[PDB]
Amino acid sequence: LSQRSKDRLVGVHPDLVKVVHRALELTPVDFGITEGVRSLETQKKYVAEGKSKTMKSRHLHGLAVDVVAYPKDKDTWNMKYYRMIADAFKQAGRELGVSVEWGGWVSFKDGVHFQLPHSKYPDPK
């Protein structure tokens, strides 16, 4: 049973929180949560620093988490370890009846990234 540290799911949408907790239960590789909610200021920097594309991002409204694998051999950035987690997120999505999206040959940045879909969980107007 993988136990979670002090992780800021606080303000993350409860549908996604519950998917998180369950994916952990059923994960081959232990993981943590790097970012949950991202401030509009932090977001602004990221656009200008040429990181993120639009001024829009799931992270603003608690509709995204990014994870980091803790895979024993310490091999933190191994593509596969993120797919083992995607699989665990998808399945917790199948239970719980939540449609979860994975970033997904998958770049690190895409592979750490989970969100609740736009249709079901839309941005404020």
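Residue numbers run from 1 along the displayed sequence.
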Deposited but uncoordinated residues in the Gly104/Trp105 interval: 1 to 3
For 115 to 123 versus 1 to 9, entry-based mean Cα B-factors point to 1 to 9
As the entry reports it, the stretch among 45 to 53 and 71 to 79 with higher mean C-alpha B factor is 45 to 53
Lowest, middle or highest third - CA B-factor, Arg22: middle
Among all modelled residues of this chain, ranked by Cα B factor, put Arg94 in the bottom, middle or top third, i.e. lowest, middle or highest. lowest
